[PDB]
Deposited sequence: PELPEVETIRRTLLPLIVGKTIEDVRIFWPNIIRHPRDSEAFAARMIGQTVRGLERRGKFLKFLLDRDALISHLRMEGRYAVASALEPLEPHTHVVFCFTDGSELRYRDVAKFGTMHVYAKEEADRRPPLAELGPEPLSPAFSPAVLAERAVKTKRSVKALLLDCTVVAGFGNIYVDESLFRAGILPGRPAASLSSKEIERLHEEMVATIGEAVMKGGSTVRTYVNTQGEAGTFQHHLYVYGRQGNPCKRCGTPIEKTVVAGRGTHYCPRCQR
């Protein structure tokens, strides 16, 4: 899921788990557990803690408990659901947190790409994987100046810069293409080639694009089809990855 989907998960999962006490943690694919490295220590330390909150950083969910934070990335297709301990597990359930009220927080992930790190709360933000994360796109910390400062230090594509989690948190592929389109900038352009009016436009389209999604696509997945503004066939190439979609006329 993209940042807006994760924020939707954050918001809807929280009431379903807040104030619940962990009685057991069950793990069926231990590699999902990245810290502590031993999954039995991961399970043991969680037990007896009550869930107090749920926050989001980039595409990371941060479950806040009594002493610890659980940092969770869904990556490709992880999913959480709350359900009764009396029901059979859905397929591809790899981690289950059992609550004292007989309900469960279940983590499913067909790919098994998702990760989990548990640290003392105070430590979470200065450890992998939150440590080097860039500012939230929708916050004051992510500004034209911050974006300007990074662009002018590197020769790589403006798309590659924006996909860099240290520049800005959780800006997905779909939103990079869309934002660049709306700002009229080519995804393959060197970051250091952008004018200051250009970075200000990009910054402002980044915030609007991600901001509308949080609360109708122009280029993403639309290759071969008429651009919605000028009617020029949308084109698809490879930039910093990765499927890159753009209009050759609208974007410069």
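Residues of the deposited sequence that lack C-alpha coordinates fall in a single stretch, 216-236.
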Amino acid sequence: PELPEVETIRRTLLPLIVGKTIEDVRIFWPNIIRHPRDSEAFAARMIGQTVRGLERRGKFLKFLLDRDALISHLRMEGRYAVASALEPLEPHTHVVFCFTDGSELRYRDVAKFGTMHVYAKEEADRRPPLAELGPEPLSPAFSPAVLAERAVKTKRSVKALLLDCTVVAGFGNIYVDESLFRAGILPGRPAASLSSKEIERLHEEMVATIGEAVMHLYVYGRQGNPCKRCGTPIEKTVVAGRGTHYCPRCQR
From here on, numbers count along this sequence of modelled residues.
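Remark: stretch with higher mean C-alpha B factor among 190-198 and 62-70 is 190-198.
Comparing 177-185 with 124-132, the stretch with the higher mean C-alpha B-factor in the PDB entry is 124-132.
Out of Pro140, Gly102, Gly170, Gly114, the entry records its largest CA B-factor for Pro140. In the PDB entry, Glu40 places in the lowest third of its chain by CA B-factor. When all modelled residues of the chain are sorted by CA temperature factor, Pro233 is found within the middle third. Placement of the Cα temperature factor of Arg242 within the chain: highest third of the modelled residues, per the deposited record.
Among all modelled residues in its chain, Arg222 ranks in the middle third by Cα B-factor.
The deposited CA B-factor of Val214 belongs to the highest third of values across its chain.
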